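**Q** Order-wise, the sequence lines are chains A and B.
Those letters in the first sequence? Residues 17 to 352, 359 to 432, 457 to 531, per the deposited numbering, in order.
Those letters in the second sequence? Residues 17 to 350, 359 to 432, 457 to 531, per the deposited numbering, in order.
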Amino acid sequence: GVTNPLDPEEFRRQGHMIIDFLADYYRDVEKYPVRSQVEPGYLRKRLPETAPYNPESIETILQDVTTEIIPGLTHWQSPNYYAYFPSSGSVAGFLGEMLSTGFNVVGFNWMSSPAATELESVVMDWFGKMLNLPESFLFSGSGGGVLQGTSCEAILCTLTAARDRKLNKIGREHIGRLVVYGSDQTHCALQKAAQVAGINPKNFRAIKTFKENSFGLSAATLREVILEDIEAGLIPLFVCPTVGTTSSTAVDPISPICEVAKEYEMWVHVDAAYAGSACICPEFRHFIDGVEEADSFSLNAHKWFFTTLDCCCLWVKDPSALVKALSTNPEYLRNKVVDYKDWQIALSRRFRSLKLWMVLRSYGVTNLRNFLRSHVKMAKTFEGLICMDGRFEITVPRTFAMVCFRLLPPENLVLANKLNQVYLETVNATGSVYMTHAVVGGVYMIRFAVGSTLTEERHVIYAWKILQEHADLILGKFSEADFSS
Amino acid sequence: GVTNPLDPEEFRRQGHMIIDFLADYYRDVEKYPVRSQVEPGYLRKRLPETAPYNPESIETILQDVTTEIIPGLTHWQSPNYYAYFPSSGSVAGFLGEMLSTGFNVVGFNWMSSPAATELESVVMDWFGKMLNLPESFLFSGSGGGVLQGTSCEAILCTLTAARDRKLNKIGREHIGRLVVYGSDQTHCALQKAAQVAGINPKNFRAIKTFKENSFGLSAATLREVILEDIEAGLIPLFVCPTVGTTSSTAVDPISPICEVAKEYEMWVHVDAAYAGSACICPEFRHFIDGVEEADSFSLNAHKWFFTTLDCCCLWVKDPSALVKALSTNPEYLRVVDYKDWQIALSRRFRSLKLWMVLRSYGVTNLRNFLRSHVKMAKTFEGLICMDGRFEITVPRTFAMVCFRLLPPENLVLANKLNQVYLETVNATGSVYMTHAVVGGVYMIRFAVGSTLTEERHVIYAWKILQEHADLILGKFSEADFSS
Ligand SMILES: Cc1ncc(COP(=O)(O)O)c(CNN[C@@](C)(Cc2ccc(O)c(O)c2)C(=O)O)c1O
Ligand SMILES: Cc1ncc(COP(=O)(O)O)c(CNN[C@@](C)(Cc2ccc(O)c(O)c2)C(=O)O)c1O
């Protein structure tokens, strides 16, 4: 006897085990060290080298999940986790994938699941109006929205949409002259997107940012660089302002960047990946002011909107530009029911809209706003606690729920960077908290970003006390010779 | 106060609701019409225009799933679903993504979750040895395997690394001379991959296939086209032999194609998205014979390996080529940085999906699972051969039959006959199959693969095909299809 792999009753049986296994996880997630403490190669030695010929009980697999898999996790959901940007999830977002995985439809056209395409077009207008985007970006007006996996894939489709738009006008042999623009703080997804699309690696620009502008891109400096490319015979094509960069959570001013990009007929993709979600709150919406002149806008719902990884939201003014670059239909039908596969790189589309649908319904706009707000006040609190300690300084202004700081010693920039390097890694090696760094403007600053869904105010104070405890211990036995190397 | 959106008790309470909800769905899934019967725009009318300002009870949400979302589903998981290619699911694969959604870790480097990277390299060697792949593709030898979301992006990363392999030898100004090769049966993922990767639209070849070899690509025909392109000033770059094409499950001979591709220093990517999973069985492994002389191999483990959607398995012989092409570190610089093997930076715990499926079912049963699918299709093929008014159009290779109803200029007539006949079967909502036009002949595809599909469902589908064959042919007139 061999029970069918999709037995409804065995599905129910084993399914409840995991739901209780994961509920127990979120309950006791505080007890593991946040950053994993295993050595590289630990798993190849604790597991067999071949697949088993006969079945293994789930009660055995779940046990090995506890002893082999779990010690090899860096607990992104731990309430004492602040590294990088949040992997923000929720119950509503979790059950979104569960229904999407249970149904297991492949929405590569409208017929394969009408609801999997039409619902995505509804909730992208829900989230559009919440962000108060102009009618040019959503389906009520003359635009559209698509759900994908990464911003990097979303930036790519946009880049090739802009690229093909230009090369269709002037010719394909000029791909070696197209230039892609971003600041030196723009995330490395823009560079990778350029590399894949056939953009020349010598034609990728990392415009310099200064501390005077808090490391935001200067429309003056950008246009300076463009004139160099035009004088050199290059074709400027694609510029990517960022609202909430990865290192110093810096913000670029889009309204004068579209000014410059309009002059030289460019594409303005605006990349709020992390910080885009906070713009559903009126007090933060000013950060994407000037997005009405850009060609596309990108935010990542798994970073700061409780929809589980992965879920990336792309809005475009001209969804036909993606159709003409990504559809495999002949080039005389792309200019003539939504076929969302022509808006992205993934043909086998997933029922990703169920995640967003359940998050917006199960919490509503009012509570969804306060969630993001609470993460901002918690970091705002952390920023104020830093300020009342004369041993720390704030390196750059806080914009959205992430604080950058540094423990100054009693050029010394080399010395203050080795101090923070040793101070940070000592706090991180305890396993009690986890937070990363960034070298911005030569300074070595520690990044404290609050966003874990299970993070409460008591955890920020716990991290503050641990930062203070090591501050005492590090500076108490201070000696330049220990850090002057 | 305000309940936390990740409360353990609220997680577990609503978590068991959906588990019962889906087990209920898998029980009654046979009652819905397989192909959706809603009209375009049905859901914008039944739903609000704005997101709610106040939370809605999970109980009320699930009622709108049954009454508004389920009518808009084409039941890929129905036991009577034979359209396109299977969406192979299983309990184990479901628990793999739910375990990987509960942790919800981002695997963009080894430290963000070592097990997310380490486990991915064990299961891909488990699989690799299970398909009897050469040691050149495994981590034990001198290769490597990476799990990606789709084939279109797996074919991409190899395409955008084969290009970088050659363009870094001859200079990047020759991108307009690189030719991408495939048959006219090769899936449109190769065209799209070449489109995104900068290959010129004029330089995509869809080499012709003939019925004389069941529409598999001929290395002789491939070589004729290559010399044609060399004398045109072009540079042959990349060939993609397909094992089990989407239209008629044709097989391109891999070994002679690599022979031609080594003459002209080409990249041979084997596409086995559907068929590859069946080479676990030693009696099927001969289809990817010659993969030892290729550069990359890819199968989708959502079509025929019970891992739900999505799970694509790429085995590259030289993982340096991907890294050197997809990493963003300076070119003088390029543990496992798996993100440098694909287009996705924030990578997910796909390994659990493939881990549970291999572990809880075992090698012995997994073969019998695929063997069962093939055998049911091999039985449906035998039923067609007893009804004298049907014709098997092309040889059945894996678990999919291509048949057509014959009538009692003639091709146009018969092609219209099967179109009307097929859509009358599909419109009942009882069963669901799709078609293809291979060699100008309209044929019906019967793809057995749904995990819930038993033998009585195939026999049930045979009866319905016969009741409509009796029906359309009983009142046959040339004029009804001469239009
Ligand atoms: C500002 C910005 N834009 C784009 C991206 C890349 O998009 P993606 O990798 O999702 O496709 C980033 C990347 N940010 N990634 C982090 C900050 C780490 C990270 C944290 C939480 C997540 O949910 C993800 O996916 C990544 C990194 O350091 O690389 C970005 O910041
Ligand atoms: C032989 C072959 N190679 C590649 C692809 C593209 O892979 P992906 O789209 O997964 O990146 C295909 C596509 N096949 N897709 C179907 C058969 C529809 C389909 C059926 C069942 C599924 O689980 C998926 O994902 C798609 C099509 O007809 O296009 C392919 O056949």
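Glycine included, C-beta positions come from ideal geometry on N, C-alpha and C.
Would B/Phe110 count as contacting chain A if we go by Cβ distances under 8 Å?
**A** yes
**Q** Given this structure, state the Cα-to-Cα distance separating B/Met282 from B/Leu175, to the nearest angstrom.
**A** Going by C-alpha positions, B/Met282 is about 11 Å away from B/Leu175.
**Q** Would you mind stating whether A/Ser478 and A/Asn96 have Cβ atoms separated by less than 8 Å?
**A** yes
**Q** Use the C-beta contact count for B/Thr83: other C-beta atoms within 10 angstroms, 16 or more gives buried, fewer gives exposed.
**A** exposed
**Q** Which residues in chain A sit within 7 Å of B/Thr66, going by Cβ to Cβ distance?
**A** Here the neighbours are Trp142 and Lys145.
**Q** Would you grab the beta carbon distance between A/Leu430 and A/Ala462 for me? Rounded to a whole angstrom, and I think it's under 8 Å.
**A** 6 Å
**Q** What does A/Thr324 touch in chain B if you count any residue whose Cβ is under 9 Å from its own?
**A** Within 9 Å Cβ-Cβ: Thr117 and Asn120.
**Q** Taking Cβ-Cβ distances shorter than 7 Å, what residues in chain A pair up with B/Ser370?
**A** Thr166, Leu325 and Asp326
**Q** Give, in chain order, every residue of the region 491-505 of chain B whose Cβ lies closer than 8 Å to some Cβ of chain A.
**A** So the close ones are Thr499, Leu500 and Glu502.
**Q** Given a cut-off of 8 Å on the beta-carbon distance, is the pair B/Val50 and B/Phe231 in contact?
**A** no
**Q** Does any residue of chain A have a CB that is nearer than 8 Å to the CB of B/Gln467?
**A** no
**Q** Check for me: the alpha helix (DSSP H) holding A/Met33 runs from which residue to which?
**A** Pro24 to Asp44
**Q** Quickly, what does DSSP pair B/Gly112 with across the bridge? List them, please.
**A** In the DSSP output, where bridge partners are listed per residue, B/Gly112 has none listed.
**Q** So with CB distances below 9 Å, who are the chain B contacts of A/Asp287?
**A** Per Cβ cutoff of 9 Å: no residues; A/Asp287 is ~13 Å from chain B at best.
**Q** For B/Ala170, which of helix, strand or coil comes out of DSSP?
**A** helix
**Q** With 8 Å set as the bound, which would you pick, yes or no: does the beta-carbon of B/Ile74 sit closer than that to a beta-carbon of chain A?
**A** Closer than 8 Å to some Cβ of chain A, the Cβ of B/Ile74 qualifies, so yes.
**Q** Across which residues does DSSP place B/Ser199 in a beta bridge pair?
**A** Bridge pairing for B/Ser199: B/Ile223 [DSSP].
**Q** Give the straight-line distance between the Cα atoms of A/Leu342 and A/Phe124, rounded to the nearest whole angstrom.
**A** If you take the alpha carbons of A/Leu342 and A/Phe124, they lie about 14 Å apart.
**Q** Between the alpha carbons of B/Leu330 and B/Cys173, how many angstroms are there, rounded?
**A** 10 Å
**Q** Between the C-alpha atoms of B/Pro24 and A/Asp40, what's the straight-line distance to the nearest angstrom?
**A** 7 Å
**Q** Does the distance between the C-beta of B/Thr265 and the nearest non-hydrogen atom of ligand 1 fall short of 7 Å?
**A** no
**Q** Among the residues of its own chain, which have a CB less than 6 Å from the CB of B/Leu394, if the five just before and after it don't count?
**A** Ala294
**Q** Between which two residues does the alpha helix (DSSP H) carrying A/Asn463 extend?
**A** Unbroken alpha helix (DSSP H) run through A/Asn463: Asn458 to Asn474.
**Q** Check whether the Cβ atoms of A/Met400 and A/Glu503 lie closer than 8 Å to each other.
**A** yes
**Q** What's the gap between the Cα of A/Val473 and the Cα of A/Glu347?
**A** 57 Å
**Q** By the 10 Å Cβ neighbour count, where 16 or more other Cβ atoms means buried, how is B/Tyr362 classified, buried or exposed?
**A** buried
**Q** Could you check which residue in B/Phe143, B/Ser167 and B/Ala177 has the C-alpha nearest to that of B/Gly161?
**A** That would be B/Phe143, whose Cα lies nearest to the Cα of B/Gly161.
**Q** Quick check on B/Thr117: does DSSP put it in helix, strand or coil?
**A** helix
**Q** Using a cut-off of 9 Å between C-beta atoms, extract the partners of A/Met481 located in chain B.
**A** The premise fails here: A/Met481 is roughly 13 Å from chain B at the closest Cβ pair, so nothing lies under 9 Å.
**Q** Among the candidates B/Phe529, B/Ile416, B/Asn316 and B/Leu382, whose CA atom is the shortest distance from the CA of A/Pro71?
**A** B/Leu382
**Q** Does B/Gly161 come out as helix, strand or coil in the three-state DSSP assignment?
**A** Look at B/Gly161 here: in three-state DSSP terms it is strand.
**Q** Exposed or buried, what is B/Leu376 when buried is set at 16 or more other beta-carbons lying within 10 Å of its beta-carbon?
**A** It counts as buried.
**Q** In its own chain, which residues sit with a C-beta less than 7 Å from the C-beta of B/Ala277, not counting the 5 before and 5 after it?
**A** Excluding sequence neighbours, B/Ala277 sits near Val255 and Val284.
**Q** Output needed in chain order: residues of the region 18-29 of chain A with a Cβ under 8 Å from some Cβ in chain B.
**A** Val18, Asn20, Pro21, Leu22, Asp23, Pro24, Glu25, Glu26, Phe27 and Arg28
**Q** Under 7 Å: does the beta carbon of B/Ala289 sit that close to some heavy atom of ligand 2?
**A** yes
**Q** The alpha helix (DSSP H) that contains A/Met146, what's its start and end?
**A** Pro130 to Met146
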